[PDB]
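Two forms of a single protein chain come next, each set out by itself as structure tokens; they are called structure 1 and structure 2.
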Structure 1
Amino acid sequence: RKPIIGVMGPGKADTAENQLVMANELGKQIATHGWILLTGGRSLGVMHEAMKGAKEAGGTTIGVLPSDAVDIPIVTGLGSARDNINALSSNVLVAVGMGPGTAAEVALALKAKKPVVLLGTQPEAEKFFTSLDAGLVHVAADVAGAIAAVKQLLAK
């Protein structure tokens, strides 16, 4: 089975331009490394950019929702009070940027003892998540760092 890498981040209103670029490049790299991308299938900031990037590099995408870039739409029927991407399906969860919904998904991943890679979250986030579980939180400085952390974690 191919690894499944989850991607979470803010929506369109709350994603900065550099975060969009990071998300698009992360998605490309997920695809090139032979991994399946799991993210939100409706949301049009980080999650859509990640999807696009993965598809542009020929990878397989799972979009979770309550775009042509979505290969496998998974429709949860849980509505949207939570940005649920069925993230427990992922081997590793990557957050690009930060916001309330992203925070909740990162915290729940840590609850389930799953590793999280934080990319472009500012210092409070990094420090706060590290305080919850230092052993499971990986802070990435850039996309290449995030991919490298993912690679290591899959090797473990």
Structure 2
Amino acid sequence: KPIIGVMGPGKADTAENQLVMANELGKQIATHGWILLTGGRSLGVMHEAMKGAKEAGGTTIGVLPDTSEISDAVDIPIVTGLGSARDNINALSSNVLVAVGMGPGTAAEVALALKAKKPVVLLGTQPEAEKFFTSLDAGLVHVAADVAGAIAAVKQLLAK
């Protein structure tokens, strides 16, 4: 059962178009028979992908700093306690990683995945980010224009 990780900025930092892409990304992850792994508290991109995944009957793993609540969009809550430190659990536990948008948090998570030699697809990050991460590891970086392209890169990659 493949595991696809979604990173992306939080609620305040995610633009409306990026939110829409994130939901659609989560749906398509679910319809291709994959598990979604993302951050279980963050309310921008990561939440939208989880809702997307859930709305289309997919399994979601949320990674979390118990404490209250959760979200009902999370199926398997994995609580680390690690506060501001590295749940590079995403990076390491995923088959493929997709970033929707960009910010300091997300840049950090993408660079760890590359360091760990795992492929990353970059959706809706700007040219600045696309060129830098490609400059880090051109064999591991895939830029996608929209969700369907991102999902195609994810399919091509899992065959390998």
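Numbers follow structure 1, counted from its first residue as 1. Take the two forms, superpose them, and find the largest set of C-alpha atoms that agree within 1.5 Å; that set is the rigid core.
With the core fitted between structures 1 and 2, just one of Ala31, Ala87, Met98, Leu119 shows a Cα displacement of at least 2 Å, namely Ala87. Superposed on the core, the two forms differ at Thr130, whose C-alpha moves 0.2 Å between structures 1 and 2. Core-based alignment between structures 1 and 2 gives a C-alpha movement of 1.0 Å at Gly77.
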